[PDB]
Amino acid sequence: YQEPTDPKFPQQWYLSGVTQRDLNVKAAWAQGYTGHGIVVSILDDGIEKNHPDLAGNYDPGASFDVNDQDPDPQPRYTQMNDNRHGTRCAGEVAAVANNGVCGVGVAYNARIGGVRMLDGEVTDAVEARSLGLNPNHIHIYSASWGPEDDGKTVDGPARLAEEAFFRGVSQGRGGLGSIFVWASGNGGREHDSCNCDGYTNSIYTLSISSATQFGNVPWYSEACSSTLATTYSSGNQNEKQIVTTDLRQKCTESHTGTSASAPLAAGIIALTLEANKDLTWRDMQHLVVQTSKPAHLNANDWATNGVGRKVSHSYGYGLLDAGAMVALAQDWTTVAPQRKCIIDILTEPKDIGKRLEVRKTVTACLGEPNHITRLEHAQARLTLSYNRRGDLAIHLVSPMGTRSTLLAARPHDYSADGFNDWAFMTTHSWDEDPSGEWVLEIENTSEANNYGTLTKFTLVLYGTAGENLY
């Protein structure tokens, strides 16, 4: 093994660094893990398949054009370079190494393709065809975009896309499950809260946020309990950005946003799959939880959960660590079957007013085939009316004491439409025992006299049984 010689590798500070402020990818490469045999697809505006740093790794079997309904995902060229983003993301995953061009991908021996889906009308059918592309050939899908990041939107997949996600995790990859990597959002300036985005908020997606070079929460970041982990991206004008392939056969040093973090995670996941090709979609989320690193990430909300892990709403479990992912993958025993325990909490609607607390002691399906002693995801599916939605903050506390913020105040959200059976999701209680008293808190964070009613609260627990060793 020799370190890459590509001319811009030194500028890929999140890979080439030697000050321990990086993704620890060199450690994985040094053990011989570079993505060989793994297939990744970028869901975006197209991929410049003839780019000098992509052609060597390009895979037509990982690619399709859902906008035009043909196999060739080549983007359209315009003066504003609108359709450059899929190419930038593709190079982050799998730019060719040691070829005198630009830098390298995280998984520089993986195969890379793209779905051209964003250069046209994005419909339920378009989303389903993209998420469901060749699921026994593609291992990992990377999506950097979704519903509007205006801080006012609540939106998620419709029926066909939801079914594609479920079919992907259940039957993709020969039954191991498609791995869907998602960017948690770019709406930080607008005070967006990412559990309002049903793609990143899904249990089926492995959601990723960003850290700046100096280890801070970037201006564009969205906090939420559904995020799992973090990779480096852009920040202020003293901090470096992401260096990758660009449209028109170029190299950029100015790729930015959480949309640049998801592809780096997809690349790390490709190295991990090469290390253990038998990992399921759930195994991969377990590995991320166990191995990600809070060290040197600054946040004001780090808290230790019931099993002793530090977690943040900006960062999830912390920075991805490629060396640690590959090491744990080699020792991992695949997890037991997923159980799902549905608990109807309310006996009657509850006035919200200024503040509401709902407490319920649960058994997590004790005595039944879906009894859960080892939690993975948890959802609170809430139906509520309120006069000004963005004034609400919502928290969920587990029996072991872990407080998850399900919704922070969104000052720009003046909707009067409330939430209709919306499944706010938290990863912060992973591995906890969910038996005991849960607490839901709903608060009006404004001085206004706001009003509404909580009409349904369904607590949904996922996980496994067996002795909980935490």
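Residue positions are given as counts along the sequence shown, with the first one as 1.
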Identify the stretch, either 29 to 37 or 400 to 408, whose C-alpha atoms have the larger mean B-factor according to the entry. 29 to 37
Mean B factor on CA atoms, stretches 291 to 299 and 183 to 191, record says higher is 291 to 299
Max C-alpha B-factor within the set 80, 372, 223, 131 falls on 80
Quiz for you: based on the deposited Cα B-factor, which of 394, 320, 365, 102 is highest? 102
CA B-factor placement of residue 124, once the chain's modelled residues are sorted into thirds: highest
When the modelled residues of the chain are sorted by Cα temperature factor, does residue 430 land in the lowest, middle or highest third? lowest
Temperature factor at the Cα of residue 354, chain-ranked in thirds, falls in the highest
Chain-relative C-alpha B factor for residue 310 (record values, thirds): the lowest
For residue 42, return the chain-relative third of its C-alpha B-factor as stated in the PDB record: lowest, middle or highest. lowest
